[PDB]
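Report on the following structure.
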Amino acid sequence: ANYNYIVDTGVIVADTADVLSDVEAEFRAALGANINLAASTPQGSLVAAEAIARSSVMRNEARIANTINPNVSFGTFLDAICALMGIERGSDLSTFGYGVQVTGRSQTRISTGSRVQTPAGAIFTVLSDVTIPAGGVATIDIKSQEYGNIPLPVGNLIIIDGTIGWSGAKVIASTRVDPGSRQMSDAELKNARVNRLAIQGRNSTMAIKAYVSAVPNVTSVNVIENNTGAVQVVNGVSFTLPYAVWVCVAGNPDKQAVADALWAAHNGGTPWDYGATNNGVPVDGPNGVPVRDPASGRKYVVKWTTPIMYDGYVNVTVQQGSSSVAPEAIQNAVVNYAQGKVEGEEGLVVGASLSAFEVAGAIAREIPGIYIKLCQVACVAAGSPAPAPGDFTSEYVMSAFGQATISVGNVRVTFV
Amino acid sequence: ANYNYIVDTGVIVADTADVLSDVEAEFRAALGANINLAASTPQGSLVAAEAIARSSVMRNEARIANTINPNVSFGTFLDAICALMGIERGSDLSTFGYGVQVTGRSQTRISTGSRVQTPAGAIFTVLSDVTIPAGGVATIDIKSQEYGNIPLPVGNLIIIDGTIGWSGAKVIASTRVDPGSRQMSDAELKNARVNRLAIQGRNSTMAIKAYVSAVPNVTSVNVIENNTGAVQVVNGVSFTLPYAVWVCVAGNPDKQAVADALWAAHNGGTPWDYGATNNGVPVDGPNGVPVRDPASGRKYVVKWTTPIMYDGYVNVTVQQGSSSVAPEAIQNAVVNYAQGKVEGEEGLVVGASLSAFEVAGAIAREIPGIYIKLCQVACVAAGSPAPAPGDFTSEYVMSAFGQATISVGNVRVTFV
Amino acid sequence: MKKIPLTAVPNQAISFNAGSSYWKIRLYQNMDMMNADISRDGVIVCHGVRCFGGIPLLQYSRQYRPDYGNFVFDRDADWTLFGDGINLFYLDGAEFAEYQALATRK
Amino acid sequence: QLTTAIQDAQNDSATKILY
Amino acid sequence: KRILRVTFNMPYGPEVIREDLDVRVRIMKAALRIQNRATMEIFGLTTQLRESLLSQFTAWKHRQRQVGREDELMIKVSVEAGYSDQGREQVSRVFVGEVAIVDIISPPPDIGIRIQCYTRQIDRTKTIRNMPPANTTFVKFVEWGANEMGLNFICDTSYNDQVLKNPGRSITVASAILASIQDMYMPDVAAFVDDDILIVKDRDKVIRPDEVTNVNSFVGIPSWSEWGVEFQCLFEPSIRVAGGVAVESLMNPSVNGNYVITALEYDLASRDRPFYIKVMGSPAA
């Protein structure tokens with residue numbers, strides 16, 4: 001019969017239930033005082049039903065009230081909160097083009113000719129095209145699913161043919177767009193919201209981060225400030241110019257779009273610094289993407305960097321306790337956490353730090369009762385062989401510039 | 001029985017027939033399989049009560065489910081959302097005219113709500129009882145029956161409900177006509193939120209151009225940002241401080257108006273500059289124009305330049321066609337094009353080069369049929385002798401801080 | 001822009017093929033406003049969308065993207081004036097994009 | 001009746017190509 | 001107060017024949033390859049109206065002449081039936097098709113015409129403009145057929161991801177497309193054309209799970225059949241073909257359940273008693 005308000009620690013309105021006694025005391029002193037409220041009687045059943053109804057009403061009202069704040073909301077409810085700050089809900093798409101097709105003679109490469117690459121391609125042809133007598137044609141293609149896809153630059157497999165066409169292929173000139181996907185970012189919208197809490201603003205580090213994150217296919221952004229302009233190094237990454245903003249962008253987005261958004265969030269007259277050699281990977285060496293000022297005048301230059309790619313490994317030893325066999329769900333849990341699908345714990349981002357305790361925590365998240373014993377991690381550069389068992393330690397610093405990535409096969413799980 | 005009318009895609013509200021059927025089924029299961037649930041029976045009354053409830057709550061929850069979304073909010077909720085950006089819904093007051101002269105006789109008493117009328121509707125109610133003195137004229141206080149800025153012009157107020165003795169009412173010039181207000185609609189509140197978002201979704205230079213082009217008499221504007229940390233020419237203007245923004249405004253607007261626009265759109269921290277010498281007229285002296293911030297009594301100084309004025313002379317040697325045309329027609333076409341009164345072509349805005357080919361194109365598009373033999377252009381400083389023959393060239397390029405003006409007399413037309 | 005006929009009924013459901021998609025809008029009077037349950041191709045899209053004049057019914061992007069379209073009320077929804085005075089209009093992808101561009105800079 | 005069905009049967013056997 | 005309209009489409013425009021004239025429309029739709037048919041008995045025609053309608057309806061100008069490249073070869077007519085009381089209307093659409101036959105049933109003093117309309121009688125098409133897919137799956141062949149016929153499609157079946165070799169290269173005309181889509185896979189999944197929508201679905205599935213029609217009032221008795229439930233009803237402008245029905249009977253208590261529709265028997269007479277639709281339905285899964 002009460003609404004508990006967790007003022008600061010849980011920020012939740014919680015029902016207290018225990019309303020049956022209140023319903024009984026309401027029936028008393030209104031229908032008299034000698035009413036036999038015992039069960040197996042009509043009035044007892046009435047009181048039980050009324051108490052159930054009112055517990056249900058309290059629960060529903062508590063849930064609706066709690067939907068106002070994030071970390072407890074869900075679809076179309078957390079999204080009112082996101083749209084309050086303009087954090088867009090977000091769509092899906094899939095379309096490619098330019099895919100070459102080496103074939104026989106005058107083959108009718110008809111629409112929706114099914115093709116497939118390594119990661120379950122399922123690629124159709126947009127419109128039917130007839131092979132030219134030379135034997136080399138280019139078709140436009142779309143992807144069956146609506147997920148962010150990376151097609152390999154080598155033709156892999158085709159489904160539908162008249163047995164005359166040899167194979168399709170992907171060339172460097174082919175136009176590939178990595179597409180956005182609904183939300184998939186459903187639990188990690190809560191993560192992305194804190195980062196993009198200032199999309200509607202401009203001319204600030206947080207606004208720049210929010211807008212560049214809003215650019216499609218930008219998994220993570222790191223933006224530094226140079227408030228103290230004396231060259232030096234501020235929050236990592238050496239700073240050539242005194243006042244400048246250093247931007248590191250992950251993912252595989254389009255340079256023109258990212259640079260246009262970076263220009264749109266410009267901050268007046270603060271330059272762009274991406275030097276210090278090894279600090280990040282320069283996008284275009286000197287003289288980065290030019291872009292055009294919407295206030296028509298001049299052609300400026302927007303400078304940012306891409307992170308240093310790292311390959312991580314995870315050695316886990318678990319007891320398989322509590323009588324629940326689990327052979328290869330552990331690496332799935334680890335890769336989920338690293339990709340950032342989990343709620344509240346953004347995974348391996350441009351500013352991350354590969355932690356053995358964090359990995360063991362994610363494993364204990366997704367599947368408790370296995371008694372993780374050792375969770376050594378280590379990591380190496382993008383290439384290079386395995387770092388050998390001697391390098392597997394409990395932590396990696398993973399400085400502000402760079403980006404780690406954990407493969408499905410880079411996790412080895414052993415039962416003790 | 002209640003299902004889950006919350007789900008994730010917003011609150012689902014069922015029909016009252018359905019909820020009444022659910023309540024009736026609950027009561028039938030509780031009290032008895034064949035209980036008379038007629039509305040006149042006590043059990044039927046309880047069923048009707050539990051059906052009015054369990055629907056009031058569903059409708060309230062669906063009413064206030066996605067209430068933090070500002071695009072489709074209402075009432076106090078919209079007021080609270082809009083107050084975060086300072087937008088506040090007004091208060092619906094009424095005109096409060098005081099000291100309205102009343103002429104009558106002896107000791108006539110005017111009672112509350114005598115309902116005088118203005119010549120154009122606008123019934124006003126007397127809010128204070130008065131008694132006319134021996135002089136025969138007194139003063140009363142009237143309040144507008146409706147809401148808003150109801151006009152109360154000086155004149156003879158007519159009386160709708162008049163007592164015996166009251167001769168008339170007049171709005172003397174001493175009357176303090178306190179204006180009212182008509183609140184603010186929810187659509188207007190959402191609209192004002194959209195306006196504020198549009199204003200604060202812009203960077204420094206883009207906001208500068210928008211705010212200073214919204215000013216009347218401003219034909220064109222050129223906004224340039226250093227963004228280099230080095231006193232240098234970026235693409236045509238020699239700056240004077242390493243971090244600065246330079247704005248050139250054409251036309252002849254009000255200096256205070258454009259200064260207020262500059263101030264309202266000012267990015268902050270990045271200061272204005274007049275550039276080096278002959279980098280656009282550094283008018284208003286070495287020190288910029290001061291303006292008063294509407295928000296706080298603190299003033300702020302802004303610096304902006306007018307374009308380097310150039311006089312443009314155009315020589316044409318057109319051959320007359322079948323139809324007769326006068327040279328004044330060609331001169332007026334050129335003048336209109338230079339002023340920018342044509343569609344598509346911008347004209348001779350600041351930082352626009354003077355090309356005889358473009359002038360010939362304009363001459364043709366306004367006067368088809370004539371045959372153009374030779375068109376030449378020349379540029380001089382304002383108030384200077386006209387260029388000698390031979391100085392004319394096929395194209396004159398201009399800097400980023402100049403504007404060329406062509407008058408009717410500067411077009412020398414020859415009929416060859 | 002397609003005008004969807006209405007009926008002066010407090011609670012109704014209109015079912016139609018618009019824009020290469022099959023829409024079903026259930027409009028009902030809720031307290032002192034109108035709410036709409038919108039479903040496309042059978043699967044539900046949104047429940048209890050508070051309805052207003054000029055504001056699209058499908059608000060969030062993934063509901064109207066790609067090029068799915070949207071529904072707009074000319075005035076505040078009111079079933080008493082449905083059909084004669086208030087109309088609901090359907091915009092395809094391009095029309096809704098142009099409307100959004102117009103309404104994002106009011 | 002049956003004449004309607006006869007007319008239906010005839011309409012079934014009309015297409016746009018003679019052979 | 002029954003309100004029935006027969007709306008033709010002619011060069012002058014639409015000439016709506018209302019319910020004031022004696023009209024009698026017998027429609028029979030079904031989930032097959034065959035074109036759903038409507039017989040129309042219309043009395044009270046004036047000389048001018050007869051000249052305007054019957055002279056336009058013809059089988060010439062495409063056999064002994066040319067006068068044909070697109071529609072306007074034969075007049076397309078739609079049917080809008082329903083009820084009306086207190087000022088509100090209920091005029092749905094119950095048939096869209098082109099005429100093929102015209103005769104006279106009643107001689108003077110009441111010259112009554114009887115036309116015969118069939119759905120998709122524009123089989124005099126561009127003899128398949130676009131070639132069918134060489135190898136393709138069932139769903140994509142269905143999409144090609146719908147595009148060729150110009151109709152939007154509803155393909156909801158479990159046989160979509162099945163490849164075919166030469167899926168319809170003997171097809172001569174647009175109408176034969178539906179016959180082919182019906183021909184392949186004919187234990188359950190029968191495709192048909194309802195008005196302007198081409199539906200390809202399994203016979204035991206509802207095109208629309210959310211558009212079930214709760215039926216409680218029947219004319220006669222809701223009975224069994226060798227397949228499902230068969231019952232007649234007064235005209236409800238919410239019952240289509242292949243739709244879901246939620247029969248809740250009184251006379252027969254065991255015929256209650258959820259059924260899909262296979263056939264439909266419209267018989268609408270503005271100036272006569274029969275204003276019923278008969279529904280053949282089968283158990284839905």
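Here, A, B, ... name the chains of the structure tokens in the order displayed, residue numbers run from 1 inside each chain, and ligands are numbered from 1 in the same displayed order.
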
Per residue of chain E within 9 Å of chain D, which atom pair is closest and at what distance in Å (one decimal), using only C-alpha atoms, listed by chain and increasing number, as CSV?
residue,atom,partner,partner_atom,distance
E:34,CA,D:12,CA,7.9
E:35,CA,D:12,CA,8.4
E:37,CA,D:8,CA,8.1
E:39,CA,D:4,CA,8.0
E:100,CA,D:11,CA,7.7
E:101,CA,D:7,CA,8.0
E:116,CA,D:4,CA,8.6
E:118,CA,D:11,CA,8.8
E:123,CA,D:15,CA,6.7
E:124,CA,D:16,CA,5.3
E:125,CA,D:16,CA,7.6
E:127,CA,D:16,CA,7.4
E:172,CA,D:17,CA,7.2
E:173,CA,D:16,CA,6.6
E:175,CA,D:15,CA,8.1
E:176,CA,D:15,CA,8.7

Written file, previous selection with N, CA, C and O atoms, as a PDB file, in the first residue's frame:
ATOM      1  N   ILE E  34      -8.945 -19.729 -61.813  1.00  0.00           N
ATOM      2  CA  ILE E  34     -10.010 -19.225 -62.670  1.00  0.00           C
ATOM      3  C   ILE E  34     -10.375 -17.802 -62.284  1.00  0.00           C
ATOM      4  O   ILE E  34     -10.346 -17.422 -61.107  1.00  0.00           O
ATOM      5  N   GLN E  35     -10.719 -17.002 -63.287  1.00  0.00           N
ATOM      6  CA  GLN E  35     -11.118 -15.626 -63.046  1.00  0.00           C
ATOM      7  C   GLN E  35     -12.473 -15.598 -62.352  1.00  0.00           C
ATOM      8  O   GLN E  35     -13.442 -16.182 -62.846  1.00  0.00           O
ATOM      9  N   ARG E  37     -16.103 -14.386 -61.343  1.00  0.00           N
ATOM     10  CA  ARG E  37     -17.043 -13.861 -62.336  1.00  0.00           C
ATOM     11  C   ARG E  37     -18.171 -13.100 -61.647  1.00  0.00           C
ATOM     12  O   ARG E  37     -18.526 -13.373 -60.494  1.00  0.00           O
ATOM     13  N   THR E  39     -22.125 -11.843 -62.907  1.00  0.00           N
ATOM     14  CA  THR E  39     -23.239 -11.620 -63.826  1.00  0.00           C
ATOM     15  C   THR E  39     -24.050 -10.423 -63.348  1.00  0.00           C
ATOM     16  O   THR E  39     -24.302 -10.285 -62.149  1.00  0.00           O
ATOM     17  N   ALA E 100     -17.118  -9.200 -70.802  1.00  0.00           N
ATOM     18  CA  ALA E 100     -16.833 -10.071 -71.936  1.00  0.00           C
ATOM     19  C   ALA E 100     -18.063 -10.369 -72.776  1.00  0.00           C
ATOM     20  O   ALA E 100     -17.954 -10.475 -73.999  1.00  0.00           O
ATOM     21  N   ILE E 101     -19.230 -10.509 -72.151  1.00  0.00           N
ATOM     22  CA  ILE E 101     -20.459 -10.899 -72.827  1.00  0.00           C
ATOM     23  C   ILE E 101     -21.570  -9.944 -72.417  1.00  0.00           C
ATOM     24  O   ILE E 101     -21.619  -9.473 -71.279  1.00  0.00           O
ATOM     25  N   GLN E 116     -21.646  -9.795 -68.446  1.00  0.00           N
ATOM     26  CA  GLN E 116     -20.864 -10.810 -67.756  1.00  0.00           C
ATOM     27  C   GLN E 116     -19.444 -10.275 -67.641  1.00  0.00           C
ATOM     28  O   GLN E 116     -18.738 -10.163 -68.649  1.00  0.00           O
ATOM     29  N   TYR E 118     -15.555 -10.476 -65.930  1.00  0.00           N
ATOM     30  CA  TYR E 118     -14.575 -11.399 -65.380  1.00  0.00           C
ATOM     31  C   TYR E 118     -13.395 -10.593 -64.868  1.00  0.00           C
ATOM     32  O   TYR E 118     -13.008  -9.599 -65.488  1.00  0.00           O
ATOM     33  N   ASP E 123      -6.334 -10.121 -70.551  1.00  0.00           N
ATOM     34  CA  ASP E 123      -5.343 -11.101 -70.990  1.00  0.00           C
ATOM     35  C   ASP E 123      -4.844 -10.807 -72.397  1.00  0.00           C
ATOM     36  O   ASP E 123      -3.860 -11.406 -72.846  1.00  0.00           O
ATOM     37  N   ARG E 124      -5.511  -9.903 -73.113  1.00  0.00           N
ATOM     38  CA  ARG E 124      -5.011  -9.393 -74.386  1.00  0.00           C
ATOM     39  C   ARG E 124      -3.859  -8.424 -74.107  1.00  0.00           C
ATOM     40  O   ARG E 124      -3.894  -7.241 -74.441  1.00  0.00           O
ATOM     41  N   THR E 125      -2.827  -8.960 -73.466  1.00  0.00           N
ATOM     42  CA  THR E 125      -1.754  -8.159 -72.905  1.00  0.00           C
ATOM     43  C   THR E 125      -0.603  -8.129 -73.913  1.00  0.00           C
ATOM     44  O   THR E 125      -0.723  -8.639 -75.030  1.00  0.00           O
ATOM     45  N   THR E 127       1.677  -9.902 -74.575  1.00  0.00           N
ATOM     46  CA  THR E 127       2.161 -11.250 -74.864  1.00  0.00           C
ATOM     47  C   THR E 127       3.433 -11.547 -74.079  1.00  0.00           C
ATOM     48  O   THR E 127       4.413 -12.068 -74.623  1.00  0.00           O
ATOM     49  N   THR E 172       2.170 -17.910 -72.713  1.00  0.00           N
ATOM     50  CA  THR E 172       1.864 -17.126 -73.898  1.00  0.00           C
ATOM     51  C   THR E 172       1.367 -15.727 -73.570  1.00  0.00           C
ATOM     52  O   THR E 172       1.689 -14.778 -74.291  1.00  0.00           O
ATOM     53  N   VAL E 173       0.590 -15.572 -72.499  1.00  0.00           N
ATOM     54  CA  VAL E 173      -0.073 -14.317 -72.182  1.00  0.00           C
ATOM     55  C   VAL E 173       0.015 -14.059 -70.685  1.00  0.00           C
ATOM     56  O   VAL E 173       0.478 -14.895 -69.910  1.00  0.00           O
ATOM     57  N   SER E 175      -2.462 -13.751 -68.546  1.00  0.00           N
ATOM     58  CA  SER E 175      -3.388 -14.563 -67.760  1.00  0.00           C
ATOM     59  C   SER E 175      -2.789 -15.922 -67.423  1.00  0.00           C
ATOM     60  O   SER E 175      -3.006 -16.449 -66.326  1.00  0.00           O
ATOM     61  N   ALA E 176      -2.037 -16.510 -68.358  1.00  0.00           N
ATOM     62  CA  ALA E 176      -1.454 -17.829 -68.130  1.00  0.00           C
ATOM     63  C   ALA E 176      -0.441 -17.822 -66.992  1.00  0.00           C
ATOM     64  O   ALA E 176      -0.070 -18.887 -66.486  1.00  0.00           O
TER      65      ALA E 176
END

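Over all paired C-alpha atoms, chain A superimposes on chain B with an RMSD of 18.6 Å.
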
* chain C residues within 6 Å of chain B, counting only C-alpha atoms: which ones, as a PyMOL selection string? -> chain C and resi 46-48+105

* To do: Go through segment 48-80 of chain C and collect every residue that DSSP, computed from the backbone, puts in strand (DSSP E); the answer should be as a VMD selection string.
  => chain C and resid 48 to 50 70 to 73

* Surrounding residues of segment 208-212 of chain E excluding itself and chain neighbours under 2 positions, 10 Å, only C-alpha atoms, as number ranges by chain -> C: 15, 24, 39, 41-44; E: 156, 205-206, 214-215, 238-240, 242-247, 258-260
